[PDB]
């Protein structure tokens, strides 16, 4: 039976498991009993991205209101809601639409998770940890606990536990190091852009089955570039909080994955309200949301000339803005390299 170190095995059984896939889908409203995730298709999801984009032209451009209502009604058929009852939401504003843009994001990694699954195995020989983990195409080291490395890391969750989000408060269950296969290569280019930074990528867990196979990713062509504060790239945080929220760990599951990426920022476009891009102007190689808290300048460690902002909840001078913490974005995928995972226990304050 498996081989593997032991939270690697559990990591498999957490990130690879069927029940919870239904659970996300459920919380986006999705009507499992209409639309079973054997449905889930790259295909029917991609079509849905084009209808939410359909609604967007039209909303920012007047439109038949005899269009809008059916594009909503189109949005439904293809992605069946358990609603239900109660008065469904209209795709004729920015908000409700963006809402449905997350569900599809997620639908994407969840498909890739379950659809992942389906391959290897009447097997067995090679048991059900090493075949999933085998298909991850990723390798997983357990950082020892006592190490200055695990140490450093834990300062970083510490100090950038933020103010406002307390609360919950937070802790490190396991700490995995990762090379996924050949991502050195791709990043190669980007191993020599200036301004590189370890930042959090937090996501709902159900996601990491195909973030570990597909690498972190960006919305398809089909998707509303209005669906996203900075258009569609790849979003990242420096406070561990802004990211950790995205695990959607609740009172139970309270337990939840988070990435630490190397990211090749170079020249930061600094921004404060939304910019709907996907094209970055010339000479600029990432977007920055300029939230009012910065990780205190002061403390900024750098192993191999990546910066790490494990510095603590300080106030930036931006009052003026739409954010309260920073938000780094990069618009293609090569500019990222996954370094650590961490398993988190959410520990929800009293």
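Positions refer to the first chain, counted from 1. Throughout, rigid core stands for the largest set of C-alpha atoms superposing within 1.5 Å between the two forms.
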* Fitting on the core, do the C-alphas of 290-298 or of 25-33 deviate more in 4 other deposited structures of this protein? -> 25-33
* Asked: Is the larger C-alpha RMS shift in 4 other deposited structures of this protein, relative to this form with the rigid core superposed, found in 254-262 or in 219-227?
  -> 219-227
* **At least a third of other PDB entries omit residue 134** => no
* May I ask whether residue 122 is missing from the deposited models in at least a third of the other compared entries? => yes
* So 280-288 or 37-45, which one's hotter by mean CA B-factor in the entry? -> 37-45
* **Higher-scoring stretch by recorded Cα B factor average, 304-312 or 62-70** => 62-70
* Asked: Which is it among 237, 271, 223, 113: the one with the largest CA B-factor in the entry?
  -> 113
* Asked: In the PDB entry, which of 192, 251, 93, 203 has its C-alpha at the highest B-factor?
  -> 93
* Ranked C-alpha temperature factor of residue 317 among modelled chain residues, by third -> lowest
* Structure fact -> Temperature factor at the Cα of residue 329, chain-ranked in thirds, falls in the lowest
* According to the PDB entry, is the CA B factor of residue 100 in the bottom, middle or top third of its chain, that is, lowest, middle or highest? -> lowest
* Looking at the entry's B-factor column for C-alpha atoms only, identify whether residue 76 ranks in the lowest, middle or highest third of its chain. => middle
* residue 154: which third of its chain by C-alpha temperature factor? -> lowest
